[PDB]
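Residue numbers (this note's numbering), protein chains in the order written: chain A, 1 to 103; chain B, 1001 to 1103; chain C, 2001 to 2104; chain D, 3001 to 3104.
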Amino acid sequence: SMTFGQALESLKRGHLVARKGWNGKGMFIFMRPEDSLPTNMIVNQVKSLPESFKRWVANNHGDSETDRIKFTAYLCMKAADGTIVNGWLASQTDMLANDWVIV
Amino acid sequence: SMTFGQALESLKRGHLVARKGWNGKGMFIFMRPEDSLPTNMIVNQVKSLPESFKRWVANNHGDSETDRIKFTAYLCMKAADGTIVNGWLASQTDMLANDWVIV
Amino acid sequence: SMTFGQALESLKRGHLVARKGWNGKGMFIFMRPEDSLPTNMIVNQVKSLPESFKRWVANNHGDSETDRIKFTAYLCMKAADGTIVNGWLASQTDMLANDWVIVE
Amino acid sequence: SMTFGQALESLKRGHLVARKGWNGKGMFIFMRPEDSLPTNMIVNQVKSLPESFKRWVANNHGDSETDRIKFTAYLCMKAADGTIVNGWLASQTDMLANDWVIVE
Ligand SMILES: Nc1nc2c(ncn2[C@@H]2O[C@@H]3COP(=O)(O)O[C@H]4[C@@H](O)[C@H](n5cnc6c(=O)[nH]c(N)nc65)O[C@@H]4COP(=O)(O)O[C@H]3[C@H]2O)c(=O)[nH]1
Ligand SMILES: Nc1nc2c(ncn2[C@@H]2O[C@@H]3COP(=O)(O)O[C@H]4[C@@H](O)[C@H](n5cnc6c(=O)[nH]c(N)nc65)O[C@@H]4COP(=O)(O)O[C@H]3[C@H]2O)c(=O)[nH]1
Ligand SMILES: Nc1ncnc2c1ncn2[C@@H]1O[C@@H]2COP(=O)(O)OP(=O)(O)OC[C@H]3O[C@@H](O[C@@H]1[C@@H]2O)[C@H](O)[C@@H]3O
Ligand SMILES: Nc1ncnc2c1ncn2[C@@H]1O[C@@H]2COP(=O)(O)OP(=O)(O)OC[C@H]3O[C@@H](O[C@@H]1[C@@H]2O)[C@H](O)[C@@H]3O
């Protein structure tokens, strides 16, 4: 029986959480961790980034091996249809509710 | 310092809080309390409701004085230019940060 | 058959909208208009604001009846249980979907 | 001179956009594409997923190569400090503003 703050602390430590009051059933959220990536790994090896961004990186940072760019950790959801939503966001209700549970 | 969860519990108790790492300076968030409002007061009293809502409420809930609709608590922000942003939303960075302070 | 951008334009013009793909049924969103409010009203007469805020306003702006503070427009939801959630949030799915429809 | 809806259409088409009225400077948002990934890859190959999720996938989608899971597209922000914020959020101000601009 938890607040959003305890759910967040639980997420930071790599757990799965959910709210009883959600409309969809069988969902949970989780954290994806932070990582620092070499810039030329971004420009040349990463499939999941748009070309526009890769071009901007090349333009403003370049191909130095030393240079690395940090990707922040963030929340994701296993939604009701079984898809993974990157970037889960907390509604006002999620934030002030106290019906969070560990899954 | 403080996590977002402690900031949330602190907001539930009516305090103003803010993050050091925010781009704009001099800001803070606070909570607007929850309230239950009569359908009469909704259809006929409130300036801040669109007609479409007032009409939806009329065609549904009706004239009963007893009928009430709960308007929920929610977060608001005193922004850098001094405007009050209703319905402040927490970014991923905000949620995972531990640089919250009581204001 | 609308995008989120078209749905937002409908909202700005005072309509109710919804996504077919939402889990909860019978929900919709609407926009609550912006307003400029007198500093005195906020500090002395507004029931829905917390005291910490009323105290901050008083220190920051004295009440002259000409000093006004702007409260922004924002989106709200009639939720599945019939309560009104102020401050509705658009999920990544909400934002990228094209299953928006107008509700009456 | 753009609404959030136009900025979103531009994002879905691979452009970088930003708001004039943001406090931080030099920031922009972009979309990360959706992809469908086989279960076996998720459990055994992807490192940027927590172990509890990989286990859930193993327990639920099984050991099959047949099963695939869809990872949705989503918005990301290049922040004022040059870090890439995954899962960028549209504030009430963002969604109702008409000061969006294409940056690349
Ligand atoms: N745009 C905007 N205007 C604001 C805001 N806060 C206050 N106002 C204005 O201040 C008036 C009086 O506010 P009140 O004393 O809280 O008196 C309010 C309040 O007690 C109640 N009410 C309406 N919606 C809500 C809500 O979401 N939450 C709560 N707690 N009360 C609400 O209805 C009463 C009458 O509402 P109105 O006729 O609209 O009259 C409102 C509206 O003209 C705001 O954040 N944005
Ligand atoms: N569309 C999509 N595909 C996904 C997603 N999660 C995993 N994948 C796929 O799984 C591949 C391997 O992921 P990885 O082992 O984490 O290997 C990744 C990961 O180590 C890293 N990476 C890139 N962006 C990020 C990020 O934002 N955060 C983290 N933590 N790592 C990232 O770069 C490596 C190579 O990236 P890719 O070439 O994209 O290669 C990714 C992409 O093929 C997702 O949410 N969406
Ligand atoms: N596919 C998806 N992508 C991103 N987020 C998703 C999602 N499915 C569920 N969520 C989120 O998970 C919590 C409740 O889940 P639900 O109660 O099942 O939500 P739903 O009834 O569909 O309403 C939807 C409304 O809820 C809000 O986001 C919810 C909310 O934080 C958001 O404001 C949306 O407009
Ligand atoms: N007028 C306003 N109305 C609503 N919310 C506002 C706001 N001013 C600031 N915020 C929010 O407050 C926190 C940090 O504040 P900032 O660091 O000043 O953010 P900013 O650089 O303006 O970028 C803006 C980006 O940050 C995120 O919203 C921020 C973020 O939650 C969101 O993703 C947006 O795209």
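For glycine and all other residues, C-beta sits at the position ideal for the given N, C-alpha and C.
#### Entry: Residue range of the beta strand (DSSP E) that includes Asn1086/B
1084-1086
### Task
Please name the residue, chosen from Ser2010/C, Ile2069/C, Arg2032/C, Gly2024/C, that lies closest to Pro1050/B on a Cα-to-Cα basis.
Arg2032/C
### Query
the region 2019-2047 of chain C: which residues have C-beta closer than 7 Å to a C-beta of chain D, in chain order?
none
### Query
On the premise that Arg1019/B lies in contact with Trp1100/B, defined as a C-beta separation below 8 Å, what is that separation, rounded to the nearest angstrom?
Cβ atoms of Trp1100/B and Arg1019/B come within 8 Å of each other, at about 6 Å.
### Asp3094/D, enclosing alpha helix (DSSP H) - first and last residue
3092-3096
### Query
Using 7 Å as the limit for Cβ to Cβ distance, is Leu1089/B near chain C?
yes
### Query
Considering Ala2018/C, what are the terminal residues of the alpha helix (DSSP H) in which it resides?
Segment 2016-2019 is the beta strand (DSSP E) holding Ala2018/C; no alpha helix (DSSP H) there.
### Simplified DSSP assignment, three categories, for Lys3025/D
coil
### Query
Does DSSP classify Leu2049/C as helix, strand or coil?
coil
### Task
Examine ligand 5 and report whether any of its heavy atoms sits within less than 6 Å of the Cβ of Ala79/A.
The model on display carries ligand 1, ligand 2, ligand 3 and ligand 4 but not ligand 5.
### Task
Mind listing the chain D neighbours of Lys70/A? Cutoff is C-beta to C-beta under 9 Å, in chain order.
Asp3081, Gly3082, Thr3083, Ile3084
### Message
Determine, for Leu3049/D, whether the minimum Cβ-Cβ distance to residues of chain C falls below 7 Å.
### Response
Closer than 7 Å to the CB of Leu3049/D there is not a single CB belonging to chain C.
### Message
Would you call the region 2032-2041 of chain C in contact with the region 1057-1070 of chain B, where contact means no fewer than 3 C-beta pairs closer than 8 Å?
### Response
no
### Task
Check the Cβ-Cβ distances between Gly62/A and every residue of chain D, and say whether any is below 7 Å.
no
### Message
When you compare the region 2005-2024 of chain C with the region 3012-3027 of chain D, are there three or more beta-carbon pairs, one atom per stretch, that lie closer than 8 Å?
### Response
no
### Message
Which of the three DSSP states is assigned to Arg1055/B in this structure?
### Response
helix
### Query
Out of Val2085/C, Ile2069/C, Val2103/C, which has the shortest C-alpha to C-alpha gap to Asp2035/C?
Among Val2085/C, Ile2069/C, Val2103/C, the Cα nearest to that of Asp2035/C is on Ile2069/C.
### Query
Would you say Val1046/B touches ligand 1, meaning its beta carbon is less than 6 Å from a heavy atom?
yes
### Message
Looking at chain D, is there any beta carbon in it that lies within less than 7 Å of the beta carbon of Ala2097/C?
### Response
no
### Task
Please list the partners that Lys3012/D has in chain C, where partner means a Cβ-to-Cβ separation under 8 Å.
Simply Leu2096.
### Range of the contiguous beta strand (DSSP E) that encloses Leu1089/B
First-last for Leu1089/B: undefined, no H or E at that position.
### Task
List the residues of chain B whose Cβ lies closer than 8 Å to the Cβ of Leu8/A, in chain order.
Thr1003, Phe1004, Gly1005, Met1095, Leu1096
### Task
Reducing DSSP to helix, strand and coil, say where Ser1001/B ends up.
Three-state DSSP puts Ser1001/B in coil, outside helix and strand.
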